[PDB]
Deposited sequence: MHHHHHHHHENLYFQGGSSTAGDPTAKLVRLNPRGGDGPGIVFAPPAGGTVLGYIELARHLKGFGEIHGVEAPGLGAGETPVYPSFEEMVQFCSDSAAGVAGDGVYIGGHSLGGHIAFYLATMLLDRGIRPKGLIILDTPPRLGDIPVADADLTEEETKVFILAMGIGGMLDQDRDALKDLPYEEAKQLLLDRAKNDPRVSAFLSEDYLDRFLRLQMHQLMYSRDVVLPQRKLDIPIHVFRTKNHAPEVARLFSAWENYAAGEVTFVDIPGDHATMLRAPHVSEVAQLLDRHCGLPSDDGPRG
C-alpha cells in the first residue's frame, strides 16, 4: 500500500551522471537541497522521501525502509546513476545499492557523505528556512514537520548492529569525510574497505558532520563531488 516518493532536487536539463540520495533519520530529502543546488557536474539529482510524510504515517523497520527506497530508486537507477547518503542515509544507500544489484540493476557507484560503517559511533528552524527557500517550502508544512520529527525519533532507535554493512558491494565506493571528528570516530572510516568488492576512494572535505551540508562548506563539498564523481 505505502510507497516512498522519488523527488527531483535540482533543475532539469543538466549533463552528467545522476545521483539518488537516500534520506537520513526522519525520512526527508531536505538536507540535500543545498548540496544539489551547488553541483555542476551531474544531470538528474533525486532524493527518496520516506512513505507517510505526505497519508497514513509509516514507521518502517530498517529493512522495510531499504525495500521502500530500492523500489523508488529503481525507477531511475542503473548505468550512469550513483546512490548516495549522509548519516543513516549512507547506510540505507549501501543496502539499497546491494538490493538493486540483487535485482539486476547496477548503479555507477555509492557516495557516502561523512559517515563510517559503524553508525552508532557518531556523537521552527525549517519553517523559517521555508520562508527563504521555495525549494524547501515545496515540502515543508507544520504537518510535514511533525511527521518528520516522529519518524526521526523512530529511526534514531534503529540498532547499530542492524544498520552495519555486512556484504561486499560490487560497485565503487566514494567516501567524502570531514576532518574534525574525534580520533575514535576518525579511525572508523577506513572500514568502508571491508564492504567494497572493488574500488574505494576516500576524499577529505571541509566542515564538520553537520556544517558540511550548509554554506559555505557545501559549495566545496559539491566541487569535490563534481571533481571525483561527476563529469
- [ ] Spell out the unmodelled ranges of the deposited sequence for me, N- to C-terminal, numbering from the first residue.
- [x] 1-22, 77-78, 148-187, 296-303
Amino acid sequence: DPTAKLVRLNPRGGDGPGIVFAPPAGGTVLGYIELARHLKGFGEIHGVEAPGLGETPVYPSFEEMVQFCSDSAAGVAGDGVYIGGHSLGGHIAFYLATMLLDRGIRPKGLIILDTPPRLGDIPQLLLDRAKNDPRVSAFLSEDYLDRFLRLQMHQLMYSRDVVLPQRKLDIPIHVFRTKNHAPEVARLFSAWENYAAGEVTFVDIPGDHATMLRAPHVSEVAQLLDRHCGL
From here on, numbers count along this sequence of modelled residues.
Open item on the list: Tell me which stretch, 155-163 or 135-143, has the higher mean Cα B-factor listed in the entry.
Closed with: 135-143
Task: Stretch exceeding the other in mean C-alpha B-factor - 187-195, 173-181 - done: 173-181
Open item on the list: For the CA B factor values reported in this entry, which option in 27, 60, 47, 57 has the top one?
Closed with: 57
Task: Among 73, 127, 88, 112 - the residue whose C-alpha B-factor is largest in the record - done: 127
- [ ] Ordered by C-alpha B-factor within the chain, which third holds residue 104? Give me lowest, middle or highest, please.
- [x] lowest
Task: Among modelled residues of the same chain, the CA temperature factor third for residue 84 - done: lowest
TODO: Taking the values exactly as deposited, rank residue 221 by C-alpha B-factor within its chain and report the matching third: lowest, middle or highest.
DONE: middle
Open item on the list: Going by the CA temperature factor in the PDB record, which third of the chain does residue 212 belong to: lowest, middle or highest?
Closed with: middle
- [ ] Place residue 200 in the lowest, middle or highest third of its chain's C-alpha B-factors, as listed in the PDB entry.
- [x] middle
